[PDB]
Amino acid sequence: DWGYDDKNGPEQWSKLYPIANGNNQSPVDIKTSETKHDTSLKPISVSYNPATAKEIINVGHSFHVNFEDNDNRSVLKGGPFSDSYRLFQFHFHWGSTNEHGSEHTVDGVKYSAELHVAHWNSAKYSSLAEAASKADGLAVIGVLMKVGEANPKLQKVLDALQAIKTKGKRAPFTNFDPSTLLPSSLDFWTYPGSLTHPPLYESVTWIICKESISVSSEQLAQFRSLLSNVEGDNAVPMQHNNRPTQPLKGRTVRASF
């Protein structure tokens, strides 16, 4: 239905999802001269159990790496949160060339891709489906990915893609701790926002890392070689899946640093 093509993409999502033009939409451009340092922000604490890794899925516009979320084996705490948030997925966004592909920008600078590590509030809610539409329901860590040296931490993820080439394919994806993908510094920006694609719920507290991680030109190429079609149809590579930045509408981006 929705996608990233000219007909079904970001500038058209508002026709079926009017919250696309809301006051808490993501991503945003982080202007560093407008951020406010908040003394009350605690360090980010991630503690993930590799045994929670479950499955990798070609979802047509992207691929998702899902985690078992029946208990608190894998949690995010700290930062702006009083509640524990339970890991459920990570995924990436990328663009059609190295020049763009991140969702968030910093001082107008576009990176080549972005990693999202997503969690839901298990202190207040009983399931992702309950949490996903609540203002305090989701927490996503975003990592900007700067084109440069090959990142060996991506190897297991990239090696898995050949088994999920076309839409709907899925495979087991086990024994992996995604905190290995995060940068050395967890210094961060935070702001209240949204899912960056439909259904665009304004339910996400964003944690954007100040430090980038690397990716090579060829690693990006592997993401863009995934196919959005189902097996047996004409091949339609997944060339891009990044939303443009959206107006802050008077929100404050807080800095931990």
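Heads up: residue numbers just count along the shown sequence, starting at 1.
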>> Going by the mean C-alpha B-factor recorded in the entry, which is higher: 5 to 13 or 233 to 241?
In response: 5 to 13
>> Averaging CA B factors per stretch from the PDB record, which one is higher: 90 to 98 or 140 to 148?
In response: 90 to 98
> Among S84, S179, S112, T166, where is the Cα temperature factor highest, going by the PDB entry?
Replying inline: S84
> Whose CA atom has the top B-factor in the entry, of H64, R224, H61, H37?
Replying inline: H37
> Among the modelled residues of its chain, does the C-alpha B-factor of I44 lie in the lowest, middle or highest third?
Replying inline: highest
>> What third of the chain does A51 rank in for C-alpha temperature factor, lowest, middle or highest?
In response: highest
>> Based on the deposited C-alpha B factors for this chain, I'd like to know if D71 is in the lowest, middle or highest third.
In response: highest
> Can you tell me which third, lowest, middle or highest, the CA B-factor of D159 falls into for its chain?
Replying inline: highest
> Among the modelled residues of its chain, does the C-alpha B-factor of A123 lie in the lowest, middle or highest third?
Replying inline: highest
